[PDB]
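As structure tokens, one chain now follows by itself in the form deposited in one PDB entry.
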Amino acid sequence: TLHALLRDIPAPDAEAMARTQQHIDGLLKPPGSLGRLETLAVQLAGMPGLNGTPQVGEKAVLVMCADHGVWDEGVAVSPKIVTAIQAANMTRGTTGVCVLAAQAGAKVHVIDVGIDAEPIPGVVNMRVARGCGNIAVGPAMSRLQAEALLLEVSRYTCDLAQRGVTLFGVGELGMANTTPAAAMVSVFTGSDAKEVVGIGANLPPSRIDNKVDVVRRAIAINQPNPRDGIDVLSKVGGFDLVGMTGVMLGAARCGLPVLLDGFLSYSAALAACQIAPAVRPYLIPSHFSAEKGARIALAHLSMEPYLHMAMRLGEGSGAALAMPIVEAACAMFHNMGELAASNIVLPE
């Protein structure tokens, strides 16, 4: 059951963190000189699934794929089938996330949570329906549906942990996905749609107006309650969004770190944190998405990404690209020499 899951998310280990901090301070460098790498190391040491130290075992990127009924509103220029095509490509290792994950030594897990096509061999089957409801005229799905998918994904996630995975990355694939993402951000942050609606996958500037209108409509019609993340996800989200949120809850329950991706991922994170604030300490930002509503979303999460690449591909590509940074914090922690051993003495 979900209340359980949520109840059992562990708090960070302050004891391990204090020990890490001390250790870091004693390394062969001026104190605090490695800035964010230091902070990251300490954050990791506090994660219970990591065994009191910054460490990275196996790495996995979970890609949540699904179609959206809102596509029918003219909010996306990519043909609908691209979701299904790209999902298959994920199985062949030719996509952007695939290439970047291989470079990071991570394995990619492609999960179908609701593609509007026949099942794709090689893809993890967790399909809710053939694409979610069109949010412009009603809810994306039922609360039950959302809750069940949350449970299902969270479990799959924590189970990988059982197989040696210590670091997750989350991603999505779904045509028209920046629409539900903007709606969610608008609702959670109380920003006006104009402020958070972007061009997604090369939407022409002309067509923007309509996208903003669709977003407002979705919100007005559904009346999602901002204090209820599940309410929001079910009404104006999508299966893919629900799935990403589920990865987050799962990794937190498991006491392990999750690397966010871009805009879509920020939307899901907002939901996750609303649902369970205890999730927060397990999230690690990757890059700063080029999507318009990115700054607002990040501000609400109080997150400052490490990478500024103007990326807007999705798929979990940003997450993969940041994995080496996480590994660097561990390397720093473990392999650097100590000041004391050099007889070096530097003022705090």
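One-based numbering along the sequence shown.
What comes next is about the form deposited with a small molecule bound, which does not appear here.
Screening 161 to 169, 269 to 277, 194 to 202, 118 to 126 for residues having heavy atoms within 4.5 Å of the small molecule in the deposited bound form returns a single hit, 194 to 202. In the deposited bound form, the small molecule lies farther than 4.5 Å from every heavy atom of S286. The closest heavy atom approach of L264 to the small molecule in the deposited bound form falls within 4.5 Å. For the chain shown alone, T178 is a contact residue for the small molecule in the deposited bound form, at least one non-hydrogen atom being within 4.5 angstroms. The small molecule is not drawn, but in the deposited bound form it has no heavy atom within 4.5 Å of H300. Note on contacts: among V56, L313, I296, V42, the single residue with a heavy atom within 4.5 Å of the small molecule in the deposited bound form is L313.
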